[PDB]
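Below is one structure; the comments refer to it alone.
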Amino acid sequence: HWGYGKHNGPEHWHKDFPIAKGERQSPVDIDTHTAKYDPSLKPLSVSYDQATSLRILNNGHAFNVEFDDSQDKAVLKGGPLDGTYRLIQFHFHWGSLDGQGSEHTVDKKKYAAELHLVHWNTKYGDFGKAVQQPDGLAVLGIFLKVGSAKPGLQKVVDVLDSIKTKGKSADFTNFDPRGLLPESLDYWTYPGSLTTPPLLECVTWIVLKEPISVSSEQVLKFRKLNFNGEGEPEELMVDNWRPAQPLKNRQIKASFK
Ligand SMILES: CCCOc1ccc(S(N)(=O)=O)cc1
Ligand SMILES: OC[C@H]1O[C@@H](O)[C@H](O)[C@@H](O)[C@@H]1O
Ligand SMILES: [Zn+2]
C-alpha cells in the first residue's frame with residue numbers, strides 16, 4: 001500500500017499512479033520573487049460561519065476532520081475561483097522534527113506542518129464528480145510554524161488520543177475552522193493536484209502567505225498518532241508530506257503587490 005516509507009513512499013507512487021509524473025503535480029516550491037501579482041484576482045471569500053463538522057478519522061496517512069457538505073454552509077469563493085466551492089474536510093501534513101513537514105515550500109523553506117482545507121466545486125454536484133474535472137477542487141493551504149499555541153487548534157489536539165490508530169474515528173461536532181486561519185488572506189495560487197494518491201490533477205491551490213503559530217506541545221501530539229492499525233507494531237505518523245514537484249508549464253500568481 002502507498003505510504004511515506006522507504007519502500008512505499010513518494011518516489012514509488014508513480015508505479016500505481018502514473019500521473020505522479022504529470023504536468024500539474026503538487027506540491028511545488030513557491031519562488032516568491034518569480035510569483036507575479038495578478039490584478040485580475042477577485043477578493044477571496046472564506047465563509048465558514050455555518051460550518052458543521054461531524055467526525056474526525058485516522059485514515060492511516062493523516063487525520064481528517066469531516067464536514068456536512070450536503071448544502072452550502074462552509075464555502076470558499078472569489079480569488080482565482082469561478083463559482084462556489086464547499087468545504088468537505090481538512091487535514092494536516094507534518095514532520096518528525098520542526099524543521100520539516102510542509103508540502104509546499106517558500107523559497108525552499110519547509111514549515112513544521114501544513115493545513116489543507118479541501119473544497120469541491122458545487123457545479124459538479126458531488127466530490128466524486130468534482131475529481132473528474134480540471135477545476136473540481138480548491139484547497140486552501142496554511143503553513144504552521146512552532147511558537148505560541150493556536151487556541152482554536154486545541155480541541156483537535158485533545159481528541160487525537162482517541163483516534164491513535166488507522167481506522168479509528170470519533171464524533172467531532174461543533175468545531176469552528178475559523179479558529180485555524182491567520183490574520184491575513186494574502187495568498188499565492190496555481191493549478192495543481194492532490195498531494196496523495198490518486199494524485200488527481202483537479203486542484204486550484206490557494207496557499208496563504210501568513211503562517212499560523214502552534215505550540216511545540218500541539219505539534220508533538222500530532223506526532224503521537226500512528227500510521228498502523230490497533231494491535232500492529234507502532235509506526236509513528238510523522239513525515240506524511242510529499243516533497244515539491246516540478247513546476248513545468250505553470251505560473252504562480254500572488255494576490256498582493
Ligand atoms: C480523492 C480522495 C482523496 O482526496 C484528497 C487527497 C489529497 C488531498 S490534498 N493533500 O491534496 O489536500 C485532498 C483530497
Ligand atoms: O505575454 C505576456 C503575459 O505573459 C504571461 O505568461 C503572464 O502570465 C502575463 O501576466 C503576461 O501579461
Ligand atoms: Zn493534504
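Counting starts at 1 for both ligands and their atoms, in listed order. Positions are given from 1, in the same order as the sequence printed here.
Residue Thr196 has no N or O atom closer than 3.5 Å to an N or O atom of ligand 1. For the pair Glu103 and ligand 1, the shortest N or O to N or O distance does not fall below 3.5 Å.
Residue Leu194 approaches ligand 1 through these ligand atoms, each under 4.0 Å from one of its heavy atoms: 1 (C), 5 (C), 6 (C), 7 (C), 8 (C), 11 (O), 13 (C), 14 (C). The distance from ligand 2 to the heavy atoms of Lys253 drops below 4.0 Å at these ligand atoms: 7 (C), 8 (O), 10 (O). Each of the following atoms of ligand 1 lies closer than 4.0 Å to a heavy atom of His93: 10 (N).
With a cut-off of 2.8 Å, the protein N/O/S atoms near the Zn ion (ligand 3) add up to 3.
Contact analysis leaves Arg242 out of contact with ligand 1, as no non-hydrogen atom separation drops below 4.0 angstrom. Using a 4.0 Å cutoff on heavy atoms, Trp205 counts as a contact of ligand 1.
A cation-pi geometry, defined here as NZ or CZ lying under 6.0 Å from the six-membered ring centre and within 45° of its normal, does not hold between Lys129 and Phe127.
The nearest protein heavy atom to atom 1 (O) of ligand 2 is not closer than 4.0 Å. Atom 7 (C) of ligand 2 lies below 4.0 Å from at least one non-hydrogen atom of the protein.
Only the side chain of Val118 comes within contact range of ligand 1, with a heavy atom under 4.0 Å; no backbone atom does.
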